[PDB]
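These notes concern the structure reproduced below.
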Protein chains: 2
Amino acid sequence: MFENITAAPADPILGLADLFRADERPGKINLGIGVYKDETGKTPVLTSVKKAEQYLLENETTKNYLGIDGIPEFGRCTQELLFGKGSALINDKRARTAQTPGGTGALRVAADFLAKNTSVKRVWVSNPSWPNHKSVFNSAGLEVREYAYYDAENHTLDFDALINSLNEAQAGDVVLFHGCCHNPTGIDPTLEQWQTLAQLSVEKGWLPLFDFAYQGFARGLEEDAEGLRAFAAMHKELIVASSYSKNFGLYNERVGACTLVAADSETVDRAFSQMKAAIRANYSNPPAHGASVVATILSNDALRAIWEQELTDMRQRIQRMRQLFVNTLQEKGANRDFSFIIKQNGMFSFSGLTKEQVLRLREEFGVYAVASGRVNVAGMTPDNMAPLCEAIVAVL
Amino acid sequence: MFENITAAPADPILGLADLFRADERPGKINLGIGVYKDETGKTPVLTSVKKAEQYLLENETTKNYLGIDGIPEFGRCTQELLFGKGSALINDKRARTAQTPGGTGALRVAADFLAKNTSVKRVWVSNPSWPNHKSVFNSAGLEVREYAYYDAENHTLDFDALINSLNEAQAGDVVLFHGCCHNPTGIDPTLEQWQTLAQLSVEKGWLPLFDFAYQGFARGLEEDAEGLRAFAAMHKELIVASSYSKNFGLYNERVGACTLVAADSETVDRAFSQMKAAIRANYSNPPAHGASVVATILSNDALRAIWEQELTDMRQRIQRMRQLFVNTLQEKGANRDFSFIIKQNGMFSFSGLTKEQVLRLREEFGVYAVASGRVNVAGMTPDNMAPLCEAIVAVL
Ligand SMILES: Cc1ncc(COP(=O)(O)O)c(CN[C@@](C)(CCC(=O)O)C(=O)O)c1O
Ligand SMILES: Cc1ncc(COP(=O)(O)O)c(CN[C@@](C)(CCC(=O)O)C(=O)O)c1O
């Protein structure tokens, strides 16, 4: 029976990592997967995380199953981070949160939930977007449509085309938005643009679904949540899939959350019971460790202060590398203007290189980037910057 | 969009956990969820596990993403446990293993893998069986069929009814088998019966799917795999979803595995690529903490020896409670023979109690059991045995 199965292509992102770990030539540079790296080029575990883990090792007395929706405090801390400490959504108990295995897991439970319990048939995603978005929703049998987003000429948000392309999104359709640090463009809407979309969203009857995987990597925790909060004060219902993989450096512990928001407490609890049914038929209940670490840190004022400082340092090192990248490209003789890179948010910048050049950089200079031209700026260091820019210039 | 969602019914297993937690009676007894308890009534963290976690805390340098299929060593160690150190499936490289979030997760990925890449239409499940089996397969869009298994009169396995029931399973159909410690009956096939089923399976043309969540709780590690090893030596293709939740006491860390077996190395790798795709669209990659603990314990002989002794103590304490249970029931006035309980394997015992009785035990005496009459013997201790048996006799 397994003879008739046709092989699957390699993940355009996770695959690259294997092709890199395979390359034998010295000096290789990995600018693929969106994982943070410090000045020495390593992905260390945060100090606040090592501390939390020591606390858990000493105080855990059992590994007994968590409830289907995970750790209670985890859900509470998540909601404050997203909506704000005094939020009315929280005070009116209009939101329920389930701890999930990563942001991906949050996206999948939301998709399964929507497919099995609502009349949702279509999800609208930006073009371009994280490749895995279409796969997650299709996995639940949901049709995925794309809306315009990037002005590749001015390296900015094509707001006019975005509005026009979403004209066909009907009431009941789900529209996916990146909370901040759009992947892979790094271009986010301004608060004014968010407000416009929020209004348009309510009038058209869309079900907003926010993917929040980089909160704190744009400007700050609270600032990066402004777009979501503009919608939240405007809508009756919405879904938010968030991830702690990057802002806590907990990639492999799979820590995320799927937050459901309904018109009132009675409706959300009812709907949430069906979300739990969906989780139960998938992985039963969430992994404890990653989420325990996060709940511990967010709950302890002393630990939280350290974490917030570590997040700030990562954010600043990236912005620092953004400026150094543009300066070195000039220094090394680039005639093309890359100034636009300074205006992008997060780990990824859309370089504007053609799939051809991207392959030439790899098989010829040993530099790895995603075929879309997306480069992980957080992977750049003072030590590989020069060879990197020298490679790019040579392929321009 | 959420106004008309109908509330979902509570899980017949995980639901009780919340009821029990809420009950105010100081003398409540929990015999519901299949979780091990020591003589003190606690669900401790194994010593082998605690030591392994100390190693990790001390030596982990990064939390960087694992890889769709997880830790390689983990995959190698579970195949040896399942097939045997010098198995032909291993040497001939016919097997691929993906690390999954618990056995439940392993079941869902296998289900998704099958529904999206093959012609499989329905899955055959024992009657009775773990309630979640139907939910997991129906969620992936697969039709579920039940085959006879338990003789409620003689409290034994009705091999005649089992074989006659399965004669209706067409080729290409999937048939689910519990590796050992059948849930909820506790009655497993003899090697001879396994021998037959294996032969009948190849001839009938079924795709065997083994659920192995209790290896080591029946007779022993190697011994409990006999049934599986019998099918392995005969079939070209098979799937095994295993769990480390119980034999390692790592319930909430979600540690499981899904092993794919094909005719040759080329076919399995081709098929496994789609399984990785199914995973990527679900939770992307697996949680590292639990799987890491298992890998290091199974890899270190000094640690391994400790773990194996701990598993033996757990298996033996359960056996001692099983005997104590039957003896105490007669002493407290049981007007019936519960000897059949001694013949059951695993953590449970199919008591024979009706739903109305189980219902009465909870509300009238605060003794919690599953509505099917399934009782967790691993939850019985020398201290709660008396009150527990008195309650049962009273509703008899
Ligand atoms: C928009 C976006 N949404 C959801 C996720 C899911 O994150 P999770 O917590 O790992 O499940 C990621 C991770 N993006 C990478 C940084 C990680 C690798 C990947 O593709 O999953 C990236 O390279 O894009 C995203 O960029
Ligand atoms: C046959 C069987 N299969 C799969 C699983 C899944 O295990 P996982 O690794 O936790 O995903 C369980 C756990 N059964 C319980 C011991 C746990 C509660 C539950 O229903 O999941 C039980 O009480 O049956 C099983 O009994």
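Identifiers in this document derive from the order of the structure tokens: chains are assigned A, B, ..., residues are numbered from 1 separately in each chain, and ligands are numbered from 1 in order of occurrence.
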Practice item. Show me which residues sit within 6 Å of ligand 2 when counting only C-alpha atoms and all ligand atoms, and put them as a PyMOL selection string. Key: (chain A and resi 284) or (chain B and resi 13-14+33-35+102-104+130+183+211+213+243+245+251+256)
The selected residues should be written to file as a tab-separated table (two decimals), in the first residue's frame (atoms: N, CA and C atoms).
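Result saved to selection_35.tsv:
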chain	number	residue	atom	x	y	z
A	284	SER	N	-4.21	15.07	22.67
A	284	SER	CA	-4.78	14.85	24.01
A	284	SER	C	-4.61	15.99	25.01
B	13	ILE	N	-13.08	10.11	30.17
B	13	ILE	CA	-11.93	9.82	31.01
B	13	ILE	C	-11.38	11.09	31.67
B	14	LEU	N	-10.86	11.99	30.84
B	14	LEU	CA	-10.30	13.24	31.34
B	14	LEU	C	-11.35	14.10	32.04
B	33	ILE	N	-8.50	7.90	35.66
B	33	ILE	CA	-7.38	7.99	34.73
B	33	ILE	C	-6.26	7.00	35.02
B	34	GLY	N	-5.75	6.40	33.95
B	34	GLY	CA	-4.68	5.43	34.07
B	34	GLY	C	-3.33	6.03	34.41
B	35	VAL	N	-3.18	6.44	35.66
B	35	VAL	CA	-1.93	7.02	36.15
B	35	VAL	C	-1.45	6.21	37.34
B	102	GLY	N	3.21	12.34	22.67
B	102	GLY	CA	2.41	11.32	23.31
B	102	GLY	C	1.95	10.27	22.32
B	103	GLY	N	1.38	9.20	22.85
B	103	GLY	CA	0.88	8.15	21.99
B	103	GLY	C	-0.31	8.67	21.21
B	104	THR	N	-1.10	9.54	21.84
B	104	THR	CA	-2.27	10.10	21.17
B	104	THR	C	-1.80	10.82	19.90
B	130	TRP	N	-10.20	1.83	24.11
B	130	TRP	CA	-9.97	3.17	24.64
B	130	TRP	C	-10.92	4.07	23.83
B	183	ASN	N	-6.83	-2.11	26.80
B	183	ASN	CA	-7.59	-1.11	27.53
B	183	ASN	C	-8.97	-1.13	26.90
B	211	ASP	N	-1.14	-0.20	18.82
B	211	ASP	CA	-1.15	0.86	19.83
B	211	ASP	C	-0.39	0.21	20.98
B	213	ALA	N	0.92	1.33	24.29
B	213	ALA	CA	1.05	2.31	25.35
B	213	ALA	C	1.47	1.76	26.72
B	243	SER	N	3.75	4.79	23.28
B	243	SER	CA	3.75	5.86	24.28
B	243	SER	C	4.75	5.59	25.39
B	245	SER	N	4.43	7.64	28.14
B	245	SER	CA	3.72	8.27	29.24
B	245	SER	C	3.74	7.44	30.52
B	251	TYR	N	3.84	11.41	31.71
B	251	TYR	CA	2.53	11.80	31.20
B	251	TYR	C	2.43	13.18	30.55
B	256	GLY	N	5.92	10.26	22.77
B	256	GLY	CA	5.41	9.09	22.07
B	256	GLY	C	6.20	8.90	20.80
Can you pull out every residue within 10 Å of residue A:329, counting only C-alpha atoms, but drop anything in the same chain fewer than 2 positions away, and send it as a compact mmCIF listing (two decimals) with N, CA and C atoms, in the first residue's frame?
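See out-v7.txt below for the written result:
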# COMPACT_ATOMS: atom_id res chain seq x y z
N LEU A 324 24.35 47.62 10.21
CA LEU A 324 25.67 47.14 9.81
C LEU A 324 25.61 46.43 8.45
N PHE A 325 24.52 45.72 8.21
CA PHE A 325 24.34 45.00 6.95
C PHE A 325 24.30 46.00 5.79
N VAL A 326 23.49 47.04 5.94
CA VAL A 326 23.39 48.06 4.91
C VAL A 326 24.70 48.83 4.72
N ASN A 327 25.38 49.14 5.82
CA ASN A 327 26.64 49.86 5.73
C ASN A 327 27.71 49.03 5.02
N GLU A 331 30.02 49.60 1.64
CA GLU A 331 31.46 49.45 1.82
C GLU A 331 32.03 48.45 0.81
N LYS A 332 31.39 47.30 0.66
CA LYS A 332 31.86 46.28 -0.26
C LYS A 332 31.55 46.53 -1.74
N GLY A 333 30.97 47.69 -2.05
CA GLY A 333 30.70 48.01 -3.44
C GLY A 333 29.36 47.68 -4.07
N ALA A 334 28.28 47.75 -3.30
CA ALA A 334 26.96 47.49 -3.86
C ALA A 334 26.45 48.79 -4.45
N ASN A 335 25.92 48.73 -5.66
CA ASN A 335 25.38 49.92 -6.32
C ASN A 335 23.88 50.01 -6.08
N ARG A 336 23.28 48.87 -5.77
CA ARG A 336 21.85 48.83 -5.48
C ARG A 336 21.68 49.40 -4.08
N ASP A 337 20.60 50.15 -3.88
CA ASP A 337 20.33 50.75 -2.59
C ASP A 337 19.54 49.80 -1.68
N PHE A 338 20.12 49.46 -0.53
CA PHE A 338 19.47 48.55 0.41
C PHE A 338 18.97 49.24 1.66
N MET A 385 29.63 39.06 8.69
CA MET A 385 29.07 40.15 7.90
C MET A 385 29.84 40.46 6.62
N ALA A 386 31.16 40.65 6.73
CA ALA A 386 31.97 40.98 5.57
C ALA A 386 31.94 39.92 4.48
N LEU A 388 29.78 37.73 4.00
CA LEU A 388 28.39 37.69 3.57
C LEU A 388 28.12 38.76 2.50
N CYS A 389 28.40 40.02 2.84
CA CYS A 389 28.17 41.12 1.92
C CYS A 389 29.02 40.99 0.65
N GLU A 390 30.23 40.45 0.79
CA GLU A 390 31.10 40.26 -0.36
C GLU A 390 30.48 39.26 -1.32
N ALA A 391 29.79 38.27 -0.75
CA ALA A 391 29.12 37.25 -1.55
C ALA A 391 27.94 37.87 -2.29
N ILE A 392 27.10 38.60 -1.56
CA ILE A 392 25.93 39.23 -2.15
C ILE A 392 26.32 40.15 -3.31
N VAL A 393 27.25 41.06 -3.07
CA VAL A 393 27.71 41.99 -4.09
C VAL A 393 28.16 41.26 -5.36
May I have a table of the residues of chain A lying at most 7 Å from chain B, giving each one's closest pair of atoms and their distance in Å to one decimal, counting only C-alpha atoms, ordered by chain and ascending residue number, as a Markdown table?
| residue | atom | partner | partner_atom | distance |
| --- | --- | --- | --- | --- |
| A:2 | CA | B:271 | CA | 6.2 |
| A:3 | CA | B:267 | CA | 6.3 |
| A:5 | CA | B:271 | CA | 6.0 |
| A:7 | CA | B:270 | CA | 5.0 |
| A:8 | CA | B:274 | CA | 5.4 |
| A:43 | CA | B:62 | CA | 5.7 |
| A:44 | CA | B:62 | CA | 4.7 |
| A:45 | CA | B:62 | CA | 5.1 |
| A:61 | CA | B:44 | CA | 5.9 |
| A:62 | CA | B:44 | CA | 4.9 |
| A:63 | CA | B:252 | CA | 5.4 |
| A:64 | CA | B:251 | CA | 5.6 |
| A:65 | CA | B:252 | CA | 4.4 |
| A:66 | CA | B:252 | CA | 5.9 |
| A:101 | CA | B:283 | CA | 6.1 |
| A:102 | CA | B:283 | CA | 6.6 |
| A:104 | CA | B:283 | CA | 5.2 |
| A:105 | CA | B:283 | CA | 4.3 |
| A:108 | CA | B:282 | CA | 5.7 |
| A:117 | CA | B:5 | CA | 6.3 |
| A:118 | CA | B:1 | CA | 6.9 |
| A:132 | CA | B:281 | CA | 6.8 |
| A:135 | CA | B:281 | CA | 5.5 |
| A:136 | CA | B:281 | CA | 4.6 |
| A:139 | CA | B:281 | CA | 6.5 |
| A:249 | CA | B:63 | CA | 6.6 |
| A:250 | CA | B:63 | CA | 5.6 |
| A:251 | CA | B:65 | CA | 5.3 |
| A:252 | CA | B:65 | CA | 4.6 |
| A:253 | CA | B:287 | CA | 4.5 |
| A:254 | CA | B:287 | CA | 5.3 |
| A:262 | CA | B:2 | CA | 6.9 |
| A:267 | CA | B:3 | CA | 6.2 |
| A:270 | CA | B:7 | CA | 4.9 |
| A:271 | CA | B:5 | CA | 5.9 |
| A:273 | CA | B:8 | CA | 5.5 |
| A:274 | CA | B:8 | CA | 5.3 |
| A:277 | CA | B:8 | CA | 6.9 |
| A:281 | CA | B:136 | CA | 4.5 |
| A:282 | CA | B:108 | CA | 5.6 |
| A:283 | CA | B:105 | CA | 4.3 |
| A:284 | CA | B:104 | CA | 6.1 |
| A:286 | CA | B:252 | CA | 6.9 |
| A:287 | CA | B:253 | CA | 4.5 |
| A:288 | CA | B:253 | CA | 5.4 |
| A:289 | CA | B:253 | CA | 6.7 |
From a backbone DSSP assignment, name each residue in stretch 191-302 of chain B labelled helix (DSSP H, G or I), as a ChimeraX atom specification. /B:191-204,221-232,251-253,265-280,288-299,301-302
Determine which residues of stretch 160-248 of chain B DSSP labels as strand (DSSP E or B) from the backbone of this structure, then write them out as a list in words.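 Residues of stretch 160-248 of chain B classed as strand (DSSP E or B): residues 174, 175, 176, 177, 178, 207, 208, 209, 210, 211, 212, 238, 239, 240, 241, 242 and 243 of chain B.
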Please, could you write that set of residues out with N, CA and C atoms as a PDB file, in the first residue's frame?
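Output file again.pdb follows:
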ATOM      1  N   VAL B 174      -7.526  -1.032   7.678  1.00  0.00           N
ATOM      2  CA  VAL B 174      -6.591  -0.971   8.791  1.00  0.00           C
ATOM      3  C   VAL B 174      -7.232  -1.621  10.015  1.00  0.00           C
ATOM      4  N   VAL B 175      -6.449  -2.414  10.739  1.00  0.00           N
ATOM      5  CA  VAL B 175      -6.951  -3.066  11.942  1.00  0.00           C
ATOM      6  C   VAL B 175      -6.048  -2.709  13.113  1.00  0.00           C
ATOM      7  N   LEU B 176      -6.633  -2.070  14.120  1.00  0.00           N
ATOM      8  CA  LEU B 176      -5.898  -1.644  15.307  1.00  0.00           C
ATOM      9  C   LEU B 176      -5.803  -2.725  16.386  1.00  0.00           C
ATOM     10  N   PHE B 177      -4.586  -2.965  16.867  1.00  0.00           N
ATOM     11  CA  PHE B 177      -4.329  -3.959  17.909  1.00  0.00           C
ATOM     12  C   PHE B 177      -3.589  -3.321  19.086  1.00  0.00           C
ATOM     13  N   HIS B 178      -3.968  -3.670  20.312  1.00  0.00           N
ATOM     14  CA  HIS B 178      -3.257  -3.135  21.466  1.00  0.00           C
ATOM     15  C   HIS B 178      -2.082  -4.087  21.655  1.00  0.00           C
ATOM     16  N   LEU B 207      -3.786  -3.885   6.980  1.00  0.00           N
ATOM     17  CA  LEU B 207      -2.664  -3.021   7.328  1.00  0.00           C
ATOM     18  C   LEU B 207      -2.758  -2.964   8.851  1.00  0.00           C
ATOM     19  N   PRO B 208      -1.828  -3.628   9.544  1.00  0.00           N
ATOM     20  CA  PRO B 208      -1.815  -3.657  11.009  1.00  0.00           C
ATOM     21  C   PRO B 208      -1.333  -2.354  11.642  1.00  0.00           C
ATOM     22  N   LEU B 209      -2.093  -1.864  12.617  1.00  0.00           N
ATOM     23  CA  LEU B 209      -1.739  -0.652  13.346  1.00  0.00           C
ATOM     24  C   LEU B 209      -1.726  -1.002  14.826  1.00  0.00           C
ATOM     25  N   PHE B 210      -0.542  -1.029  15.420  1.00  0.00           N
ATOM     26  CA  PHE B 210      -0.429  -1.362  16.829  1.00  0.00           C
ATOM     27  C   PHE B 210      -0.372  -0.143  17.738  1.00  0.00           C
ATOM     28  N   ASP B 211      -1.143  -0.198  18.821  1.00  0.00           N
ATOM     29  CA  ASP B 211      -1.150   0.863  19.827  1.00  0.00           C
ATOM     30  C   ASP B 211      -0.393   0.212  20.979  1.00  0.00           C
ATOM     31  N   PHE B 212       0.794   0.719  21.262  1.00  0.00           N
ATOM     32  CA  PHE B 212       1.635   0.150  22.300  1.00  0.00           C
ATOM     33  C   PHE B 212       1.873   1.186  23.385  1.00  0.00           C
ATOM     34  N   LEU B 238       3.434  -2.069   8.175  1.00  0.00           N
ATOM     35  CA  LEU B 238       2.718  -1.935   9.433  1.00  0.00           C
ATOM     36  C   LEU B 238       3.067  -0.618  10.116  1.00  0.00           C
ATOM     37  N   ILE B 239       2.185  -0.184  11.009  1.00  0.00           N
ATOM     38  CA  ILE B 239       2.380   1.053  11.748  1.00  0.00           C
ATOM     39  C   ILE B 239       2.241   0.794  13.240  1.00  0.00           C
ATOM     40  N   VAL B 240       3.124   1.392  14.023  1.00  0.00           N
ATOM     41  CA  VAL B 240       3.045   1.236  15.460  1.00  0.00           C
ATOM     42  C   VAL B 240       3.120   2.597  16.142  1.00  0.00           C
ATOM     43  N   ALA B 241       2.085   2.901  16.920  1.00  0.00           N
ATOM     44  CA  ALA B 241       2.006   4.140  17.684  1.00  0.00           C
ATOM     45  C   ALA B 241       2.268   3.734  19.127  1.00  0.00           C
ATOM     46  N   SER B 242       3.391   4.176  19.678  1.00  0.00           N
ATOM     47  CA  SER B 242       3.733   3.828  21.047  1.00  0.00           C
ATOM     48  C   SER B 242       3.751   5.048  21.976  1.00  0.00           C
ATOM     49  N   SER B 243       3.746   4.794  23.283  1.00  0.00           N
ATOM     50  CA  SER B 243       3.751   5.862  24.279  1.00  0.00           C
ATOM     51  C   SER B 243       4.755   5.590  25.392  1.00  0.00           C
TER      52      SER B 243
END
message: Need to verify the contact set: stretch 152-166 of chain B, 12 Å, only C-alpha atoms, exclusion of same-chain residues closer than 2 positions in sequence. Can you return it as a PyMOL selection string?
response: chain B and resi 123-128+145-150+168-171+173-177+182+185-190+192-194+196-201+204-206+337-344+349-354+373
Separating atom CA of residue B:360 from atom CA of residue A:69, to the nearest tenth of an Å, is a gap of 29.1 Å
Atom pair atom CA of residue A:381 + atom CA of residue A:39, distance 5.4 Å
| said: So the first atom is atom CA of residue B:365 and the second is atom CA of residue B:27; what is the distance between them in Å, to one decimal place? | reply: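 Atom CA of residue B:365 sits 8.7 Å away from atom CA of residue B:27.
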With distances taken over only C-alpha atoms and all ligand atoms, the candidate from A:359, A:370, A:230, A:294 nearest ligand 1 is A:370
